[PDB]
Amino acid sequence: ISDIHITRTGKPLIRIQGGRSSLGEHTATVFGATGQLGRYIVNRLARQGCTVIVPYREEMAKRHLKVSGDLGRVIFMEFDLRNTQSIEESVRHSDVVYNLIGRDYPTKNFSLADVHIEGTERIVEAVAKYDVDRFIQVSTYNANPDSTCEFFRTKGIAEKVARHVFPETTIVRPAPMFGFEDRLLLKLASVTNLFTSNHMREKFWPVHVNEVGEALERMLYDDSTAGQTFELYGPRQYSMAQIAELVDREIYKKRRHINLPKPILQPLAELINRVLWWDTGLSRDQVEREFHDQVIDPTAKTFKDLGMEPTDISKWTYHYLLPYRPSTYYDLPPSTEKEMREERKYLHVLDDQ
Amino acid sequence: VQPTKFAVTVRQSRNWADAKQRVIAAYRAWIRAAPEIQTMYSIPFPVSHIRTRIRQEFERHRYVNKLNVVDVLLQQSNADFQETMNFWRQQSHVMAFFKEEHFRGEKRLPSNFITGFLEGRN
Amino acid sequence: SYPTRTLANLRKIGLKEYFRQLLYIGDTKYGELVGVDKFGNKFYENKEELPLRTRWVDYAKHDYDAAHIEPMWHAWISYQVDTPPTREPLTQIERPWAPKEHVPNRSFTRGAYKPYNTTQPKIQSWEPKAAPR
Amino acid sequence: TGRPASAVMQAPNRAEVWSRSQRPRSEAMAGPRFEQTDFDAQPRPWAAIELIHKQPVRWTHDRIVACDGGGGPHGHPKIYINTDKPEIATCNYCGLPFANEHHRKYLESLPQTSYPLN
Amino acid sequence: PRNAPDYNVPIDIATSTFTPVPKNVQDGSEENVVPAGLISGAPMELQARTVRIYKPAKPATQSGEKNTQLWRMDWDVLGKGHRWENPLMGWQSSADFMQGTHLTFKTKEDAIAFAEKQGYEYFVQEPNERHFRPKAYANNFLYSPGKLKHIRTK
Amino acid sequence: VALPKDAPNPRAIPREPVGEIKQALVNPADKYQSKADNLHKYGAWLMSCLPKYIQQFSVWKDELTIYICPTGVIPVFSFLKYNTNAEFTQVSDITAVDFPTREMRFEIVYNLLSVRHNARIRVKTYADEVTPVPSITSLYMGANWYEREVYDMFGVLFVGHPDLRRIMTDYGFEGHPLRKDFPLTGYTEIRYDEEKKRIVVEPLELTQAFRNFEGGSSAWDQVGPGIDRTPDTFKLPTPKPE
Amino acid sequence: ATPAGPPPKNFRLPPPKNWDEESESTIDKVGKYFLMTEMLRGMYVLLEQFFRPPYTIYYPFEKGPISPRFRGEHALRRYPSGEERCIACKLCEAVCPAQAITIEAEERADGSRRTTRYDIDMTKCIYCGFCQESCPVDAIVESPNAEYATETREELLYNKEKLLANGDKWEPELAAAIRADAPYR
Amino acid sequence: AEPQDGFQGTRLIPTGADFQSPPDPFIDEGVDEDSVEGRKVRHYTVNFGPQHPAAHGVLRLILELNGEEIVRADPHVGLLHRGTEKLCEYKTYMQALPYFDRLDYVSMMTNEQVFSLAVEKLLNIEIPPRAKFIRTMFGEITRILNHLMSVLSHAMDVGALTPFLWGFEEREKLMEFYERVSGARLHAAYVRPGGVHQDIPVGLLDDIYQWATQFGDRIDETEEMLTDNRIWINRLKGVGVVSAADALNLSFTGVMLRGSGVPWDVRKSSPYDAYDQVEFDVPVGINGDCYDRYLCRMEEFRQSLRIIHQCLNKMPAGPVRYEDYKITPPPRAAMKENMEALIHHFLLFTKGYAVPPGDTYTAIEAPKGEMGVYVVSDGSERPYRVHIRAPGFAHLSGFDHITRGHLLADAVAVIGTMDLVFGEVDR
Ligand SMILES: NC(=O)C1=CN([C@@H]2O[C@H](COP(=O)(O)OP(=O)(O)OC[C@H]3O[C@@H](n4cnc5c(N)ncnc54)[C@H](OP(=O)(O)O)[C@@H]3O)[C@@H](O)[C@H]2O)C=CC1
Ligand SMILES: *P(=O)(O)OCC(C)(C)[C@H](O)C(=O)NCCC(=O)NCCSC(=O)CCCCCCCCCCCCC
Ligand code: SF4
Ligand code: SF4
Ligand SMILES: [Zn+2]
């Protein structure tokens, strides 16, 4: 909000606060920018005049991010989580570095250990190598170093290594995110054959990706957010079945719920993930994620500390599900007697054409 | 409405009784139409917010005491009504009339002296 | 092409060269060698072809590109001059600043041109010096 | 940046700037845009100032000499240079050197000269 | 309230972080003036910024006076948003939509009438004129009975 | 190549040398004096037949212009449409010019064509930000879109017009771009917002500000006053001496 | 709709002919209907084209014709000495129809009047050639090069280091086109 | 006392509906019940455009349909309104000339002809004979170029696809002559106030004559495919019929005016350039339909060729540029040798020439109809106001009056018979 920013290292920035052609003077490196969250942090910096370094793995995927900025603002770098030089040279000029990189499943090239540990290691070591001012690590909700979930385990261990080498790390633990192009509402919207093993009984606090994207901007703009952990989540407790009925109440969709017990589902989950090359939405570790419930850290800062209000998901379902609404002239209600009379003032056939 | 669905031949108010009659009929049509504007343009606002915001745009010109000024302000309304009721305006033009869908939001002037000073004139 | 023309050119260039041209140009074409570019491209001429087809190029590279033609030959291939760079005196000017090798269009590659400001910042700021107390 | 010589030296022929408001290539080609970049592919023309001062002097017996740039209508507007000071006179448009034959003795006695002088 | 900036003016689509806070916005009621700024479709910012009405001075560099003959109305530069340096090419970027716009008027009252019609704030600068003094070539050679105190050199 | 064999090389034919080229100097205004007397006569007849509206008339070269009161629009154009000596049955063009130094900002210029008499006439009236002009779509169907342009681009309002809507500008566009107070690049710009999934409208910023080189206009007047060229039939007789 | 004075001699059409006044034999008239003879003629004209040589050029091996006056990408030239021809008059900046040229000049170390900045926005330029008509020293030209599509439009902001590099590259062809067209300029 | 007397509404402006007069009762030429006659019929609207051809690039015409026939046609234009008339106020006259190439972008050198003729009239100058013939020759080469686009794209919409390709080689050959005099295949900027920018090269008049010897055979084969073809005839006869009285009242010019039986060409009625020196005919139709306008356009192919041949034989020698350096740029050789020439060179490229005060409306016979410009001059070096009169703008305004009751397949034929490039319509 101020026109002067003294970075944590000490250099001053004199920003002019406008739009695309302005001077935000922040240089940013967003790791994990081609997913669903990164396009909100990238667009927010770029549309206010800041340079955003966007490391990418695939050329095609990254293309939608350049529209948000003026010439010289979105710089694309070809990077690999196992090539340190690509990481090193992506962060040498950056003021703030973000790390949004994360999978929910193991691959043939990355175990949840490789992604969340060996990448955070490789990346934060570069942040410490160049004395970058702010380093913001997006972790997960329910992150805990000793967890049966490899996702909650390996993402919880990254939080350790982040501050072991960079003590001034912001941690951001977002709840399952929702909105446009998500895997929460769009999953309930799109899939038909759905497999679970805990009766869709997950309870959590769904948060809009858009406040998460806006919140990550404000951690850059407040120097007091440096070195503490945040818990971003929505205002109301929700269960997946309660979330689904909202999707159900808007779109009127019928889906198959199979709900196979945990012993016969998890060993099978690994197999499907090991032979199908796309994200099938169920894997071994993802099923274990079903049994936990979100527990809010009481020692961690929240939206309010950033001057923000979360919104619930009920106020947004109609917006993000309206495109998925098959409504033709067929599905309309039976007509009333008043309008049936109106039809007698028209001829409904053209007998001369 | 001979050439187009909501066309009105350009007319010059004869007197203040006539001019106020037309203003009220213009306001009536707009606030009548607000449900129809909110579905076509998928406005993520209550119909009440649309109607209260339509009222503001008439509330701006409530103190005009010139009859030649009212007719141009009425013609501007009629033309805006025609391009909104025919799906000619894009959702981008319509929901850009609401001055809170800016990424800076409604708060775009500085509130007082000091807050605009610390931000460099906003 | 047509059979009379394509037959005669086989009788000239041979069946190994006939297949080379089908892979690149897509025509069977015979003409006199006019010269070689620094990039290795070869130029041929034949006054007896259809108009605008009297001059052509056989590129040196497999992944050929119209920017591989050296500049003075570029004028010849475009019918902008009639004298090839092999007899044009304007190419025999000594210019030590002149490029030594032909650099093609270098976009889409890590060598692509990057613009920058060439001038210094307008306003110099005070370098703070606190007097001793 | 920094490691290649082309990113460091202002021109292939010259290492330093030749005007006060010229940006050094070291500072122009620092920053994020010049990462993952070939600096030997970057446009780096030879500096004209070094080439013009490698030019030998035209000795002349006349007070006023005419320079058109040396290509007829392919040069610059024809101007006239006065060579009466005991220095080397240079065309304002092209920079070529002219000197009167009367100052050859003095000019040959100077230790350092702005043009080859032979 | 006596030049108080109306911090609660309703902004429009073109209002920016460079728009100043206006004091008075044409209500459409003021006597004898058309509220043209109210019906112009221009942003509110035109009613906040001051314009200068003046007769351009003759250049010191030359003796033609063609450009001193007409009154010019131009907008005053603001402390931020007029020019900044482009980070990429070093070009000069601007947020001032009025930076290249000027108006020409035949009389001062024609410019004042337009300014009030549009709701501009205006400062009028009165021309500086010469003081006539008869000049005579013959004086160059006037006779000095006493000390010369000047050696005229053509 | 099979040459036509009775079509020789047109470049091979030698050309007869051209020596000293000589061209007389002509003043192109001089060709228009022979019609200067009737153009004045026709304008004089017009303003005697419609004294209620025709304030003046000017003649430049081949062009006769008539200056009319805004309320005379329907009568004057009716006379110029349906008179047997004024059979001007086309509107060629209706446009406006802006003069902010006038109390009535806008000059409304109509250009009319008479195929019968191979003649052209220009009709000028005036308007204001609030002062409306009669529409002439009752007389010329072709004038309909022209008045939409004048309205769209200037804000002038045409009483009687059916469907006076914008013709050129975007749908929620605010302003009249041909007004001289309107800036060249406007006040707003558009872009696609990824976060909002639509095109949004923003205040205008320009990466390069527009460089206006008007200040380089000559300090000296370069055209001068011109030459008077009125017929003696429309000058006042001079009083002979004695 | 007709000019004043006497109507044109026989401007009015003849009276229309009845069907049985027409001069076309039933045999000719009925045959042309059922045999579709005029459509047969047009199909025959396409057979004539079939056996004619095509107009096609194999690009990029064969190029189309370009004149010495062609207006392609800009270049900054030198003298035979090696000095830049440009002396920073800024005439090409004043005449630019699209304000595509930005020039900053000062005194060089040796006292010569030379540019420090020379930028051409290749995405503002209209390729009119005005910049090169206004030059007093032939410093700015437009080469015959039309093949330089790029990937990013940042590559289309030519700075003085690229425009000089272009002139060094294209000088023989630039000097040749100038040599051809100079008499007409 | 406007606007003061208008504050209280004491005066009402006399609208045309006030002066309406009842028709004469004597010589005047030509309900609710249980029946279905009183019943109303619903209409549906249709969004037509953009079609594949380049000329109709930005057309969003919304039709109301009763079954198949068109009830009312509402074109929405402005999709290529780029603010040319405003940008022209911030440029010198020479700088504003390239804006005219981009109005009707298939007829470039005649767009810049009407701007040059307008500026030359305010300059009070007479341009030399050679440039007069150069301009009338390249104005007819331009007319052939436009008609090759207009006629062949019209038949490509109607579904004949082969004449389009044949005549675009003829178009491909005639753009080599543009690129030899200038260096542009499309936007020459060649015609300028005071004549032409540069003299034609020394072998061009031979190359145009070689093209001339065979161009009629191209018209004849294009005519082999369309003129007598019954499918072509049955898709243009009776389509888009406008009466002579209505074409005038609708602001129609050109073949839209001429196809309804009105003999009128700006070249014959207000001669400009070397048109009074050339013999040519004017094709005028009978039935005012698309078939007449197709037959009138083909006849102009043969008439423009007949002018180009006459221009080749009367090409005089001498300057191609007005011989006055306060108006036209001096030769490069003079500017590099003579003091006065460099001064006049310098001031023409920075300030520009001053045009004397006044206004002129100037029209030419453009290939798409009458094209005119209204230029207000303030006596300075930049135009105070430039207004372009585009023939297609008036033609599209009369599309509703002409397509009313027709089928949509009929309306696509009416779009092509009106020579429509939307950069012309939106300026
Ligand atoms: N969205 C949610 O519901 C929640 C998500 N989070 C975490 O927030 C972060 C961002 O969320 P979201 O946008 O949904 O994530 P996505 O899965 O949509 O995107 C993750 C990003 O990480 C990159 N990435 C993943 N694995 C690797 C790897 N091995 N090497 C390099 N890059 C890799 C991806 O690039 P590529 O596309 O090329 O793989 C992509 O840009 C993630 O860490 C996520 O786990 C936390 C809690 C809830
Ligand atoms: P009451 O008697 O207290 O008040 C009645 C009026 C208001 C008539 C006053 O008595 C009065 O005389 N006031 C002055 C006359 C007047 O109001 N003039 C202006 C009338 S027209 C007008 O105000 C138009 C406003 C804008 C029209 C459009 C509004 C909606 C557009 C956006 C909709 C949402 C997006 C699509
Ligand atoms: S290139 Fe020519 S016109 Fe442009 S600044 Fe240099 S000398 Fe002047
Ligand atoms: S060719 Fe391009 S750079 Fe040169 S003057 Fe024209 S627009 Fe400007
Ligand atoms: Zn010189």
# chains A, B, ... in the order shown; residues from 1 in each chain; ligands from 1
$ residues_near_ligand --ligand "ligand 4" --cutoff "12 Å" --atoms "only C-alpha atoms and all ligand atoms" --output "count of residues only"
60
$ interface_residues --of "chain A" --to "chain E" --cutoff "10 Å" --atoms "only C-alpha atoms" --output "list in words"
residues 16, 17, 18, 19, 21, 22, 23, 25, 49, 51, 70, 71, 72 and 73 of chain A
$ residues_around --residues "region 144-161 of chain A" --least-positions-apart "4" --cutoff "7 Å" --atoms "only C-alpha atoms" --output "list in words"
residues 104, 112, 113, 116, 117, 120, 121, 139, 140, 165, 285, 288 and 289 of chain A
$ interface_residues --of "chain D" --to "chain H" --cutoff "12 Å" --atoms "only C-alpha atoms" --output "VMD selection string"
chain D and resid 66 to 69 71 to 80 93
$ residues_near_ligand --ligand "ligand 2" --cutoff "9 Å" --atoms "only C-alpha atoms and all ligand atoms" --output "PDB file with C-alpha atoms, in the first residue's frame"
ATOM      1  CA  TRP B  16     -41.531  19.885 -16.581  1.00  0.00           C
ATOM      2  CA  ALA B  19     -40.176  15.744 -18.412  1.00  0.00           C
ATOM      3  CA  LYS B  20     -40.819  14.299 -14.925  1.00  0.00           C
ATOM      4  CA  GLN B  21     -43.341  11.851 -16.388  1.00  0.00           C
ATOM      5  CA  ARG B  22     -40.670  10.492 -18.739  1.00  0.00           C
ATOM      6  CA  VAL B  23     -38.004  10.231 -15.976  1.00  0.00           C
ATOM      7  CA  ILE B  24     -40.336   8.159 -13.805  1.00  0.00           C
ATOM      8  CA  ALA B  26     -37.496   5.473 -17.450  1.00  0.00           C
ATOM      9  CA  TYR B  27     -36.716   4.566 -13.847  1.00  0.00           C
ATOM     10  CA  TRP B  30     -34.943  -0.068 -15.511  1.00  0.00           C
ATOM     11  CA  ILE B  31     -35.857  -1.370 -12.038  1.00  0.00           C
ATOM     12  CA  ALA B  34     -33.264  -5.786 -13.117  1.00  0.00           C
ATOM     13  CA  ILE B  37     -30.458  -8.012 -16.526  1.00  0.00           C
ATOM     14  CA  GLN B  38     -29.189 -10.274 -13.714  1.00  0.00           C
ATOM     15  CA  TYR B  41     -25.455 -10.943 -17.741  1.00  0.00           C
ATOM     16  CA  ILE B  50     -28.636  -3.970  -9.067  1.00  0.00           C
ATOM     17  CA  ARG B  51     -31.743  -1.985  -8.273  1.00  0.00           C
ATOM     18  CA  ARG B  53     -27.239   0.787  -8.022  1.00  0.00           C
ATOM     19  CA  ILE B  54     -29.693   1.750 -10.811  1.00  0.00           C
ATOM     20  CA  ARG B  55     -31.184   4.214  -8.283  1.00  0.00           C
ATOM     21  CA  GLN B  56     -27.792   5.841  -7.722  1.00  0.00           C
ATOM     22  CA  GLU B  57     -27.448   6.586 -11.454  1.00  0.00           C
ATOM     23  CA  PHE B  58     -30.743   8.557 -11.356  1.00  0.00           C
ATOM     24  CA  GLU B  59     -29.875  10.023  -7.956  1.00  0.00           C
ATOM     25  CA  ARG B  60     -26.864  11.703  -9.590  1.00  0.00           C
ATOM     26  CA  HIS B  61     -29.060  13.925 -11.808  1.00  0.00           C
ATOM     27  CA  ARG B  62     -31.873  14.684  -9.306  1.00  0.00           C
ATOM     28  CA  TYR B  63     -30.913  18.317  -9.053  1.00  0.00           C
ATOM     29  CA  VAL B  64     -30.915  19.195 -12.759  1.00  0.00           C
ATOM     30  CA  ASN B  65     -33.141  22.249 -13.231  1.00  0.00           C
ATOM     31  CA  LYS B  66     -32.606  22.629 -16.981  1.00  0.00           C
ATOM     32  CA  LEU B  67     -35.095  21.109 -19.376  1.00  0.00           C
ATOM     33  CA  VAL B  69     -30.242  18.928 -19.974  1.00  0.00           C
ATOM     34  CA  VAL B  70     -32.888  16.390 -18.925  1.00  0.00           C
ATOM     35  CA  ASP B  71     -33.640  15.350 -22.536  1.00  0.00           C
ATOM     36  CA  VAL B  72     -30.049  14.442 -23.308  1.00  0.00           C
ATOM     37  CA  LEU B  73     -29.910  12.583 -19.953  1.00  0.00           C
ATOM     38  CA  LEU B  74     -33.129  10.776 -20.935  1.00  0.00           C
ATOM     39  CA  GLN B  75     -31.890   9.903 -24.416  1.00  0.00           C
ATOM     40  CA  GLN B  76     -28.699   8.490 -22.909  1.00  0.00           C
ATOM     41  CA  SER B  77     -30.845   6.300 -20.612  1.00  0.00           C
ATOM     42  CA  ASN B  78     -33.122   5.078 -23.420  1.00  0.00           C
ATOM     43  CA  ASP B  80     -28.458   2.370 -22.630  1.00  0.00           C
ATOM     44  CA  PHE B  81     -31.744   0.532 -21.992  1.00  0.00           C
ATOM     45  CA  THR B  84     -28.863  -3.815 -22.471  1.00  0.00           C
ATOM     46  CA  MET B  85     -32.292  -5.349 -23.172  1.00  0.00           C
ATOM     47  CA  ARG B  89     -23.705  -5.104 -24.420  1.00  0.00           C
ATOM     48  CA  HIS B  93     -19.510  -3.771 -20.292  1.00  0.00           C
ATOM     49  CA  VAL B  94     -22.448  -4.441 -17.914  1.00  0.00           C
ATOM     50  CA  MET B  95     -20.620  -5.702 -14.846  1.00  0.00           C
ATOM     51  CA  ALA B  96     -18.046  -2.981 -15.402  1.00  0.00           C
ATOM     52  CA  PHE B  97     -20.809  -0.457 -14.454  1.00  0.00           C
ATOM     53  CA  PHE B  98     -20.465  -1.849 -10.959  1.00  0.00           C
TER      54      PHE B  98
ATOM     55  CA  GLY E  28     -26.404  20.355 -12.903  1.00  0.00           C
TER      56      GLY E  28
END
$ select_by_dssp --residues "region 3-154 of chain E" --states "strand (DSSP E or B)" --output "number ranges by chain"
E: 50-54, 71-75, 84-85, 92-94, 102-105, 121-124
$ atom_distance --atom1 "CA of residue 240 (chain A)" --atom2 "CA of residue 38 (chain A)"
24.6 Å
$ residues_around --residues "residue 179 (chain H)" --least-positions-apart "3" --cutoff "12 Å" --atoms "only C-alpha atoms" --output "PDB file with N, CA and C atoms, in the first residue's frame"
ATOM      1  N   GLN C  80      15.638  -9.235 -57.630  1.00  0.00           N
ATOM      2  CA  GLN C  80      15.891  -7.829 -57.370  1.00  0.00           C
ATOM      3  C   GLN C  80      17.172  -7.354 -58.025  1.00  0.00           C
TER       4      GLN C  80
ATOM      5  N   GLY G  64       9.328 -14.927 -54.802  1.00  0.00           N
ATOM      6  CA  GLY G  64       8.634 -13.990 -55.646  1.00  0.00           C
ATOM      7  C   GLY G  64       9.451 -12.744 -55.879  1.00  0.00           C
ATOM      8  N   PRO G  65       9.053 -11.974 -56.892  1.00  0.00           N
ATOM      9  CA  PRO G  65       9.846 -10.806 -57.301  1.00  0.00           C
ATOM     10  C   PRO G  65       9.665  -9.623 -56.358  1.00  0.00           C
ATOM     11  N   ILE G  66      10.782  -8.972 -56.038  1.00  0.00           N
ATOM     12  CA  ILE G  66      10.758  -7.759 -55.170  1.00  0.00           C
ATOM     13  C   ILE G  66      11.577  -6.691 -55.886  1.00  0.00           C
ATOM     14  N   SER G  67      11.102  -5.452 -55.840  1.00  0.00           N
ATOM     15  CA  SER G  67      11.774  -4.319 -56.519  1.00  0.00           C
ATOM     16  C   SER G  67      12.892  -3.756 -55.651  1.00  0.00           C
ATOM     17  N   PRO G  68      13.805  -2.899 -56.186  1.00  0.00           N
ATOM     18  CA  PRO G  68      14.803  -2.227 -55.352  1.00  0.00           C
ATOM     19  C   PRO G  68      14.138  -1.331 -54.303  1.00  0.00           C
ATOM     20  N   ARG G  69      12.893  -0.913 -54.516  1.00  0.00           N
ATOM     21  CA  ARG G  69      12.231   0.042 -53.591  1.00  0.00           C
ATOM     22  C   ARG G  69      11.533  -0.695 -52.442  1.00  0.00           C
ATOM     23  N   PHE G  70      11.600  -2.026 -52.400  1.00  0.00           N
ATOM     24  CA  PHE G  70      10.899  -2.838 -51.369  1.00  0.00           C
ATOM     25  C   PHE G  70      11.131  -2.327 -49.943  1.00  0.00           C
ATOM     26  N   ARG G  71      10.118  -2.438 -49.093  1.00  0.00           N
ATOM     27  CA  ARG G  71      10.165  -1.896 -47.741  1.00  0.00           C
ATOM     28  C   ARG G  71      10.063  -3.027 -46.725  1.00  0.00           C
ATOM     29  N   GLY G  72      11.221  -3.516 -46.284  1.00  0.00           N
ATOM     30  CA  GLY G  72      11.333  -4.563 -45.292  1.00  0.00           C
ATOM     31  C   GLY G  72      11.843  -4.073 -43.956  1.00  0.00           C
ATOM     32  N   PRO G 144      15.542  -5.434 -47.979  1.00  0.00           N
ATOM     33  CA  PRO G 144      14.541  -6.305 -48.597  1.00  0.00           C
ATOM     34  C   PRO G 144      14.143  -7.492 -47.735  1.00  0.00           C
TER      35      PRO G 144
ATOM     36  N   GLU H 172      -2.288 -10.863 -58.726  1.00  0.00           N
ATOM     37  CA  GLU H 172      -0.918 -11.102 -58.308  1.00  0.00           C
ATOM     38  C   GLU H 172       0.095 -10.431 -59.234  1.00  0.00           C
ATOM     39  N   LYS H 173      -0.221 -10.314 -60.522  1.00  0.00           N
ATOM     40  CA  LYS H 173       0.607  -9.649 -61.521  1.00  0.00           C
ATOM     41  C   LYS H 173       0.509  -8.134 -61.458  1.00  0.00           C
ATOM     42  N   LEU H 174      -0.669  -7.615 -61.131  1.00  0.00           N
ATOM     43  CA  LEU H 174      -0.907  -6.184 -61.074  1.00  0.00           C
ATOM     44  C   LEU H 174      -0.441  -5.567 -59.775  1.00  0.00           C
ATOM     45  N   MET H 175      -0.107  -6.379 -58.777  1.00  0.00           N
ATOM     46  CA  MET H 175       0.535  -5.870 -57.579  1.00  0.00           C
ATOM     47  C   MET H 175       2.038  -5.844 -57.701  1.00  0.00           C
ATOM     48  N   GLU H 176       2.590  -6.443 -58.747  1.00  0.00           N
ATOM     49  CA  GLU H 176       4.005  -6.267 -59.022  1.00  0.00           C
ATOM     50  C   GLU H 176       4.286  -4.850 -59.482  1.00  0.00           C
ATOM     51  N   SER H 182       6.395   1.813 -55.891  1.00  0.00           N
ATOM     52  CA  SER H 182       6.613   2.007 -54.437  1.00  0.00           C
ATOM     53  C   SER H 182       7.321   0.740 -53.976  1.00  0.00           C
ATOM     54  N   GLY H 183       7.291   0.403 -52.705  1.00  0.00           N
ATOM     55  CA  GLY H 183       7.873  -0.892 -52.316  1.00  0.00           C
ATOM     56  C   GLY H 183       6.872  -1.689 -51.538  1.00  0.00           C
ATOM     57  N   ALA H 184       5.590  -1.489 -51.811  1.00  0.00           N
ATOM     58  CA  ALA H 184       4.529  -2.149 -51.073  1.00  0.00           C
ATOM     59  C   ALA H 184       3.618  -2.893 -52.028  1.00  0.00           C
ATOM     60  N   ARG H 185       3.248  -4.115 -51.656  1.00  0.00           N
ATOM     61  CA  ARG H 185       2.243  -4.835 -52.423  1.00  0.00           C
ATOM     62  C   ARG H 185       0.841  -4.313 -52.134  1.00  0.00           C
ATOM     63  N   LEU H 186       0.615  -3.728 -50.957  1.00  0.00           N
ATOM     64  CA  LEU H 186      -0.714  -3.231 -50.625  1.00  0.00           C
ATOM     65  C   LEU H 186      -0.777  -1.729 -50.415  1.00  0.00           C
ATOM     66  N   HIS H 187      -0.054  -1.205 -49.423  1.00  0.00           N
ATOM     67  CA  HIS H 187      -0.161   0.235 -49.053  1.00  0.00           C
ATOM     68  C   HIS H 187       0.971   1.028 -49.697  1.00  0.00           C
ATOM     69  N   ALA H 188       0.754   1.561 -50.898  1.00  0.00           N
ATOM     70  CA  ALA H 188       1.814   2.230 -51.633  1.00  0.00           C
ATOM     71  C   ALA H 188       2.230   3.535 -50.971  1.00  0.00           C
ATOM     72  N   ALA H 189       1.258   4.391 -50.627  1.00  0.00           N
ATOM     73  CA  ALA H 189       1.531   5.774 -50.156  1.00  0.00           C
ATOM     74  C   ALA H 189       2.094   6.570 -51.338  1.00  0.00           C
ATOM     75  N   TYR H 190       1.977   6.032 -52.555  1.00  0.00           N
ATOM     76  CA  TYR H 190       2.528   6.642 -53.791  1.00  0.00           C
ATOM     77  C   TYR H 190       1.876   7.971 -54.195  1.00  0.00           C
ATOM     78  N   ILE H 200       8.008   6.708 -62.086  1.00  0.00           N
ATOM     79  CA  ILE H 200       7.888   5.266 -62.423  1.00  0.00           C
ATOM     80  C   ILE H 200       9.251   4.765 -62.918  1.00  0.00           C
ATOM     81  N   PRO H 201       9.605   3.483 -62.700  1.00  0.00           N
ATOM     82  CA  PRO H 201      10.906   2.936 -63.114  1.00  0.00           C
ATOM     83  C   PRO H 201      10.965   2.889 -64.649  1.00  0.00           C
ATOM     84  N   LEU H 204       8.705  -0.046 -66.788  1.00  0.00           N
ATOM     85  CA  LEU H 204       7.329  -0.377 -66.343  1.00  0.00           C
ATOM     86  C   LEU H 204       6.284  -0.155 -67.439  1.00  0.00           C
TER      87      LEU H 204
END
$ interface_residues --of "chain C" --to "chain D" --cutoff "6 Å" --atoms "only C-alpha atoms" --output "PDB file with C-alpha atoms, in the first residue's frame"
ATOM      1  CA  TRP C  97      33.165  -4.969 -38.710  1.00  0.00           C
ATOM      2  CA  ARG C 110      18.180 -19.686 -26.681  1.00  0.00           C
ATOM      3  CA  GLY C 111      20.180 -17.230 -28.793  1.00  0.00           C
ATOM      4  CA  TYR C 113      17.708 -11.250 -29.442  1.00  0.00           C
ATOM      5  CA  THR C 118      20.934   1.714 -23.965  1.00  0.00           C
ATOM      6  CA  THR C 119      20.830   4.939 -21.900  1.00  0.00           C
ATOM      7  CA  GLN C 120      21.602   5.697 -18.249  1.00  0.00           C
TER       8      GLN C 120
END
$ atom_distance --atom1 "CA of residue 33 (chain E)" --atom2 "CA of residue 183 (chain F)"
23.2 Å
$ interface_residues --of "chain G" --to "chain D" --cutoff "9 Å" --atoms "only C-alpha atoms" --output "PyMOL selection string"
chain G and resi 78-87+105-110+112-113+116-117+136-138+161-166+168+178-179+182-183
$ residues_near_ligand --ligand "ligand 1" --cutoff "7 Å" --atoms "only C-alpha atoms and all ligand atoms" --output "VMD selection string"
chain A and resid 32 to 38 56 to 58 80 to 81 100 to 104 110 115 138 to 141 173 to 178 182 to 184
